[PDB]
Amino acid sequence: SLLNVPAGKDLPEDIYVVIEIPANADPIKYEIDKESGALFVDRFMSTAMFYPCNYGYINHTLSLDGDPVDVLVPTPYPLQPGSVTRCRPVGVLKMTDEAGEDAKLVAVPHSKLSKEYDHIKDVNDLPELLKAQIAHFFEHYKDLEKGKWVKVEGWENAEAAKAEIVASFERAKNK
């Protein structure tokens, strides 16, 4: 089941990301059900916005928001909901939402899957446009959902991303 996928081959530099939402998709927010391992519809988003990258999480981790830590994965073609991709973290958008601290990691496909992103070493190697679009998305996608909100602190480097991943792994390991 997706429930049994490892957090990673070599945490925090070598991770697996379970994809819930494809890049450039309709505005349906899917979540994996920790009960059944099935993809559930969480929300039909009300704003005319789309996730700028594939979106998902690292299994066996937990954010302050109560769910596994979230990850954005850019790829040359959108991924399948429910699929898993081997990734390498390069940056993180620190932010909080109405359910807890809720960082958004950016992890690129592992060089074993492609050489395309090998040149993305750290957060400043990400295109400025993409980072701007990501931040803008989290700032506004819940603009029409009463009671939900976001506050974006800011972009941090790979070292912070990795620390995030270790902290998230531990918090699941005992909580």
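We call the rigid core the largest set of C-alpha positions that still match within 1.5 Å between the two forms. Just count from 1 along the sequence shown to find any residue number.
Of the two segments 91-99 and 71-79, the one whose CA positions lie farther from the displayed form in 5 other deposited structures of this protein, once all are superposed on the rigid core, is 91-99. Legend: mean Cα B-factor per stretch from the PDB entry, 145-153 versus 23-31; the higher mean is in 145-153. The stretch 99-107 shows the higher mean C-alpha B-factor when 99-107 is compared against 68-76 in the entry. Of all the options 36, 47, 54, 133, the entry's greatest CA B-factor is assigned to 36.
The PDB entry assigns residue 58 a C-alpha temperature factor belonging to the lowest third of its chain's modelled residues. Remark: residue 17 belongs to the lowest third of its chain, ranked by C-alpha B-factor as recorded.
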